[PDB]
Amino acid sequence: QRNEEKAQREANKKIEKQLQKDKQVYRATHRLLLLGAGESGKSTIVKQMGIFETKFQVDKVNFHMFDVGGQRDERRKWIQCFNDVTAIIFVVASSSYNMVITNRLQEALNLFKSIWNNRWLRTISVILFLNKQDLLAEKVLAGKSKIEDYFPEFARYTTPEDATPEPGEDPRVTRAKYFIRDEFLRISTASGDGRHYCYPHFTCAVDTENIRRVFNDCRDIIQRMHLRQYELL
Amino acid sequence: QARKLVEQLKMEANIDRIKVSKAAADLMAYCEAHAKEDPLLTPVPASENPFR
Amino acid sequence: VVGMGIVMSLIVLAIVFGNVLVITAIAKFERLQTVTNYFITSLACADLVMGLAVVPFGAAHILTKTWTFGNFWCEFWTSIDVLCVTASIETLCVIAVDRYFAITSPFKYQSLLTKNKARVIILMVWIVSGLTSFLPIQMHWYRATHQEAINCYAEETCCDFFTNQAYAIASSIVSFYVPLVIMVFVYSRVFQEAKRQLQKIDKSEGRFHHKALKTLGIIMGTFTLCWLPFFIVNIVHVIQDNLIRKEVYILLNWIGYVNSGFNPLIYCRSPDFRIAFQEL
Amino acid sequence: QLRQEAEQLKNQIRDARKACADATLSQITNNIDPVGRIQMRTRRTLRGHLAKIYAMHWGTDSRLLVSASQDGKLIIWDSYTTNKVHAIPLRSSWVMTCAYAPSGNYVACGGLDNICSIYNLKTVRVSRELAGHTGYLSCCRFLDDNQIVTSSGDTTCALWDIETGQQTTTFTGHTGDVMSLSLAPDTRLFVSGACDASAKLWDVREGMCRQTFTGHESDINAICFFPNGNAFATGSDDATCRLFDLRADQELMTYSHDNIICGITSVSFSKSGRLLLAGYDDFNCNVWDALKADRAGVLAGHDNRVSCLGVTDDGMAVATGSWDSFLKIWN
Ligand SMILES: Nc1nc2c(ncn2[C@@H]2O[C@H](COP(=O)(O)OP(=O)(O)OP(=O)(O)O)[C@@H](O)[C@H]2O)c(=O)[nH]1
Ligand SMILES: CN[C@@H]1CCc2c(ccc(O)c2O)[C@H]1O
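Rules of the game
- Residues numbered from 1 in each chain as written, not as in the entry; some residues may be left out.
- Chains lettered and ligands numbered in written order.
- Heavy atoms only, no water.
- Residues with missing side-chain atoms left out of burial classes, pairs and counts.
- Helix = DSSP H or I, 4+ residues; strand = E, 2+ residues; numbered from the N terminus.
- UniProt positions renumbered as here; feature names shortened; annotations may be inferred.
- Contact = heavy atoms within 4.5 Å.
- Nonpolar A, V, L, I, M, F, W, Y, C, P; charged D, E, K, R; others polar.
- Pairing = 2+ DSSP bridges.
- Axes fitted to C-alpha atoms, helices over the stretch in contact; angles between N-to-C directions.
- Salt bridge = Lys/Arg side-chain N within 4 Å of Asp/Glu carboxyl O.
- Disulfide = S-S within 2.5 Å.
- Parallel < 35°, antiparallel > 145°, perpendicular 65-115°, else oblique.
- Left-handed = near helix turned anticlockwise from the far one by under 90°.
- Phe/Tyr/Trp six-rings, centres within 6.5 Å; stacked < 30°, edge-to-face > 60°.
- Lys NZ or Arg CZ within 6 Å of the ring centre and 35° of its normal.
- Polar contact = N/O pair within 3.5 Å; in protein donor to acceptor, adjacent residues only side chain to side chain.

Header annotation of the entry names cryo-EM as the structure determination method and lists the resolution as 3.2 Å.

## A closer look at the overall build of chain C
When helices and strands are tallied, chain C shows twelve helices and zero strands. Sequence-ordered secondary structure for chain C, helices as α and strands as β, is α-α-α-α-α-α-α-α-α-α-α-α. With the principal axes as the frame, chain C shows a C-alpha extent of 75 × 45 × 40 Å.

## Re the UniProt feature "transmembrane region" in chain C
All names here are of chain C. Mapped onto this numbering, the UniProt entry annotates "transmembrane region" at residues 3-26, 40-63, 75-97, 119-142, 165-188, 216-239 and 247-270. Taken end to end, residues 75-97 is 100% helix and 0% strand, and its first and last C-alpha atoms sit 34 Å apart. Here residues 165-188 is 100% helix and 0% strand, with 33 Å between the C-alpha atoms at its ends.

## Re the interface of chain D and chain B
The interface of chain D with chain B comprises 51 residues on the first partner and 34 residues on the second. Mapped by element, the contributors of at least two residues to the side of chain D that touches chain B are α1 (2-19), α2 (25-28), β1 (42-46), β17 (209-213), β20 (241-245) and β21 (250-255) of chain D. Top contributing element to the side of chain D that touches chain B by residue count: α1(D), with seven residues. Of the residues in the side of chain D that touches chain B, the class split is 28 nonpolar, twelve polar and eleven charged.

## Here we look at the sheet that holds strand β18 (residues 220-225) of chain D
In spatial order, the strands read β18-β19-β20-β21 (chain D); together these four strands make up an open sheet with antiparallel pairing. The two strands at the open ends of the sheet, each matched to only one other strand, are β18 and β21 of chain D. In this sheet, adjacent strand axes meet at a mean angle of 25 degrees when their direction is disregarded. Two elements, strand β19 (residues 231-236) of chain D and β20(D), share five bridges in a ladder whose sense is antiparallel. Bridging across to β20(D), D:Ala231 finds its partner in D:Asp245. Helix α2 (residues 20-33) of chain B rests against β19, β20 and β21 of chain D of the sheet, and its axis sits at about 110 degrees to β20(D).

## Quick notes on the pattern of salt bridges
One side chain can pair with another of opposite charge once the charged atoms of both are near each other. For the salt bridge of B:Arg17 with D:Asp249, the shortest nitrogen-to-oxygen distance reads 3.6 Å. Of this pair, B:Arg17 sits in the loop between α1 (2-13) and α2 while D:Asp249 sits in the loop between β20 and β21, each in a different chain. Put simply, A:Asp207, A:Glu209 and A:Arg213 are held in one network by salt bridges that share partners.

## Remarks on the sheet that holds strand β23 (residues 275-280) of chain D
All names here are of chain D. What the four strands build is an open sheet, ordered β22-β23-β24-β25; its pairing is antiparallel. Bordering the open sheet on either side are β22 (264-269) and β25 (298-299), each of which pairs with just one other strand. Both β22 and β23 contribute to a ladder of five bridges, which runs antiparallel. Paired with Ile264 across the strands is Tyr280, a residue of β23.

## Here we look at the environment of C:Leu135
Residue and element names in this part refer to chain C. With respect to the helices and strands, the residue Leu135 is situated in helix α6 (residues 115-138). Sequence spacing of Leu135 and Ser79 is 56 residues, and the spatial spacing of their C-alpha atoms is 8.7 Å. What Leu135 contacts, discounting residues up to four positions off in sequence, is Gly130 and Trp141.

## Observations concerning unusual backbone geometry
Positioned with a positive phi, A:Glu231 is a non-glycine residue whose angle comes to about 60 degrees. Structurally, the position occupied by A:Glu231 is in the segment after α7 (210-229). In the Ramachandran plot, D:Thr155 falls in the positive-phi region, its phi being about 65 degrees despite a non-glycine side chain. Within the secondary structure, D:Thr155 is located in the loop between β11 (147-152) and β12 (157-161).

## Section: the interface of chain D and chain A
Contacts between the two partners involve 34 residues from chain D, matched on the other side by 20 residues from chain A. Broken down by element, the residue count for the side of chain D that touches chain A peaks at three residues, all from strand β4 (residues 73-78) of chain D. Across the side of chain D that touches chain A, the residue classes break down as twelve nonpolar, twelve polar and ten charged.

## Considerations on the state of the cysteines
All names here are of chain C. Covalent S-S linkage joins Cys74 and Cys159, the inter-sulfur distance amounting to 2.0 Å. As the torsion about the S-S bond is roughly 75 degrees, the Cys74-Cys159 disulfide counts as right-handed. A residue pair is termed long-range when its members are at least 10 positions apart, and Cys74 in helix α4 (residues 72-104) and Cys159 in the loop between α7 (147-154) and α8 (165-205) qualify at 85 residues.

## Quick look at the packing of α1(B) against α1(D)
As a packed pair, α1(B) and α1(D) sit with axes 10 Å apart at the nearest point and diverge in direction by 20 degrees. Here α1(B) is positioned roughly parallel relative to α1(D), judged by the angle of their axes. In the packing of α1(B) onto α1(D), the handedness of the crossing is left-handed. Of the residues in α1(D), those touching α1(B) at B:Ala2, B:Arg3, B:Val6, B:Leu9, B:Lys10, B:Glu12 and B:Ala13 are D:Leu2, D:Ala6, D:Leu9, D:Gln12 and D:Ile13. Looking at side-chain class alone, the contact of α1(B) with α1(D) contains eight nonpolar, one polar and three charged residues.

## Considering the UniProt feature "disulfide bond" in chain C
All names here are of chain C. Look at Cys74 and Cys159: UniProt has them disulfide-bonded, and their sulfurs are 2.0 Å apart, which fits a closed bridge. A sulfur gap of 4.9 Å between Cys152 and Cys158 means the disulfide that UniProt records is absent from these coordinates. Inspection of the secondary structure puts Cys158 in the loop between α7 and α8.

## Details of the packing of aromatic side chains
Geometrically, the ring pair formed by C:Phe57 and C:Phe69 is edge-to-face, given 5.8 Å between the ring centres and 85 degrees between the ring planes. Of the two residues, C:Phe57 is situated in helix α3 (residues 55-64) and C:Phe69 in the loop between α3 and α4; the sequence distance between them amounts to twelve residues. Centre to centre, the rings of C:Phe273 and C:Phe277 are 6.0 Å apart; their planes meet at 45 degrees, and the pair counts as tilted. Here C:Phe273 pairs with C:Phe277, and both are found in helix α12 (residues 271-279), just four residues apart, close to one helical turn. These aromatic residues form a ring-pair network of at least three members: C:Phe176, C:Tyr177, C:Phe223, C:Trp227, C:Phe230, C:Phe231 and C:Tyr249. When the ring centre of A:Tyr197 is taken as reference, the NZ or CZ atom of A:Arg224 above it lies at 5.3 Å. Between the NZ or CZ atom of C:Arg99 and the centre of the ring of A:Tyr230, over which it lies, the distance is 5.3 Å.

## Some remarks on the arrangement of the chains
Inter-chain contacts occur across three pairs of chains; the most extensive set of contacts lies between chains B and D. In this view chain B stays clear of chain C, with the nearest C-alpha atoms of the two still 22 Å from each other. Nothing in chain C touches chain D; the tightest C-alpha to C-alpha distance between them is still 8 Å.

## Notes on the pairing of β20(D)
Residues and elements named next belong to chain D. Taken together, β19 and the strand that follows it, β20, pair antiparallel across an intervening segment of four residues, in which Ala239 is found at a positive phi of about 60 degrees. When β20 meets β21, the two strands line up antiparallel, connected through five bridges. When the sheet's bridge partners are listed, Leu243 is paired in β21 with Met253. Here β20 folds back onto β21, and the loop between the two strands holds four residues, one of which, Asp249, carries a positive phi near 60 degrees.

## Remarks on the side chain of D:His49
Residue and element names in this part refer to chain D. With respect to the element layout, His49 can be found in the loop between β1 and β2 (53-58). A distance of 2.4 Å separates polar atoms of two side chains, one belonging to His49 and the other to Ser67. When near neighbours in sequence (up to four residues on either side) are disregarded, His49 contacts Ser67, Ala68, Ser69, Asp71, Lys73, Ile75, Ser325 and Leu327.

## Overview of the side chain of D:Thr156
Relative to the assigned elements, D:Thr156 resides in the loop between β11 and β12. Beyond its immediate stretch of four places on either side in the chain, D:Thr156 contacts D:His133, D:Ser151, D:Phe171, D:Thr172 and D:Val178.

Structure follows, in structure tokens:
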């Protein structure tokens, strides 16, 4: 009879009200995916600021990070689920060009190329952290190892004119840093065209400016998406 | 690990197999016999359709 | 006069076809129902009403040189003219402000605009246009005082437009001159932001590696060229008498009307909209 | 040594299979009447999910069903009147599968947290958490009120005991991620398709692999038993479907077309076992003929990739889900 119908309608109304209330909270939060190679420093960078998730708020904006470390398969069948995230955070140890573990930077570059050229991840930008700067500087100052031994093309490489070296930077450490950044940007620029970009940063384990960098990068990402939608860019 | 694979293949090798014609005939007979009670095959009258 | 009917019969068909197509495509498909598309529906509705109940009667009145619908229908037609023009112009400013908010502040845009607020804004716009058009005209607060005005109001077959100096200024200010500055400021800010983003991209990846100007030029130029001269002569002909002829007035006003047919060709050039049109 | 013996055994198996192919299914079914043209129209549309949908399972009463979404919700519907009955919030927002108990008392769930969770509908609250897998859950099915079979991405399947939360038995032998499974009508055997392009027929009571089929060319995404229980169908991402027979121990027919290049996400049979419904990545579903391999209909009412598909026990309706957060009931 109608006695069951009334209760059904009341329950449906309550559920709909709850869903409408939760939608407002869902639509105003940003999700980030954290990826990195082995021994790159994912845990150190996330501690400073199956699955592991953290929540933090900056400038009254809600952010939500993920760290998929439960699965360590060479292939990634679960990478198609993260096709609606704001950005991807890629962490690489730039001071590991002499570790056999093809060395480690070659594996990191191959992983970055595979992630960039993916059917599902064709509209997601990447925030790139080039970790372990001090170790790279220490390796460069010492004459024990040479980059051209493992990366022959570095011999003919020259420092770009548009650079901002710090006062403590030697001419050689700046050259090496920009060589590695350009090595990543060369793969970055070739594939995509306007749909998604890359944001490279030089990072160590003592600076605490990473939250501001992520904030600014996400703001730029959303602004560029809106500009491109209206055919203004 | 190779011994386990060898044992598994040895166990799988000795299984009786019937003719493909017999299996095809059995599937065809089942499909023909149970064809009457398939609402998706033959559309049902709207009187007994709960969704319309 | 033989070809005038032929050329004016195409305008009605174009307006009706474009606006009906836009409204049907928005209504039929659920993926096209967003907050932004709500304003486009209002703009299309105003343009459709103008195409249906304004252009045919005006064309017939011009061709026959006589208003054969008494004295009530002339006033109703004038009220509908003012209402449709105002409600069509204000929605463009609404859309410009929406884009400004979407681009300048991207984090707070989602919380700022909601369905209820959009509905409230649309209702307020239509209420303001109705107050501007129907309230003064039907209450006879717009008529002039010279002998010619009295003679033309007395005649049942004559339906001309005469207004006092205050009403023309007030109507022009409310309809045109206020949205224009807002849209100009908004689009200046949008262009600045786009230029800044382009400069940042070039400084980032320039070694390995016009649209905004063209889009803004189209959007501003169509509206300004269509509606600017009429709202100048609308004040010129009351400030300085015996300076503006009737044929020029009619020609500029009709140049203003045809902007309602160009709207779907500017605000509906999207891959989703084109796919929806193809599916129809 | 051992490798040579394994190769010899494989060659012997291949030779034994080829001797039993007296004829072909296509040859025998030449004179049967074609099904003709089949057209289905949407009857209901369900709204309320805030994100894309992966899983869906019909009820035993053919009236209630459950669905899982990325937003972290588990909603139970009423297809007859379109009324939400329940809405369970999940602790982890990454859910990949769901199931509905035969008696309707409980509902299972799982995903990227490597845990299977059971909820008590008629008490809703979490009743038991099952842990021990080292990879994301891909599927789970209820044997009865006190047992459940799950598969995960660590290339293993397990049989659980809900009362104590202990693995009664474990199944090993796959060299890739296990993607799906389906239980037999009498609940004594089940099949599982993995990412190494191979499907195996397990034994629940004993715990051993009995047969292996290797007809595909890429990852296997879906699997489903024939209503008889002596056959099953698979769907891979190379736009092909194949029908395998257990007794003949070999492939019988292939369901492919020259205009389809997208992958297959789900398959399902019909009540009589004559129609085969398969979902694709090109946003629409196709209907095949089991005995003819001739397409006989298209369901094209979705605006995004179709991820799940199910047919009721009485064979009265077909439910589909997609990544646009909408369910549709066809008839
Ligand atoms: N000296 C020095 N060591 C660093 C620096 N940044 C990271 N490390 C190294 O990072 C290690 C800390 O552990 P994590 O960085 O979290 O490495 P992990 O836990 O294995 O992280 P994953 O490999 O991504 O799973 C230390 O042993 C350091 O050797 C740095 O700036 N200076
Ligand atoms: C007869 N045509 C009318 C005359 C004056 C007028 C128009 C539109 C908007 C206004 O605010 C007006 O004052 C024209 O459409």
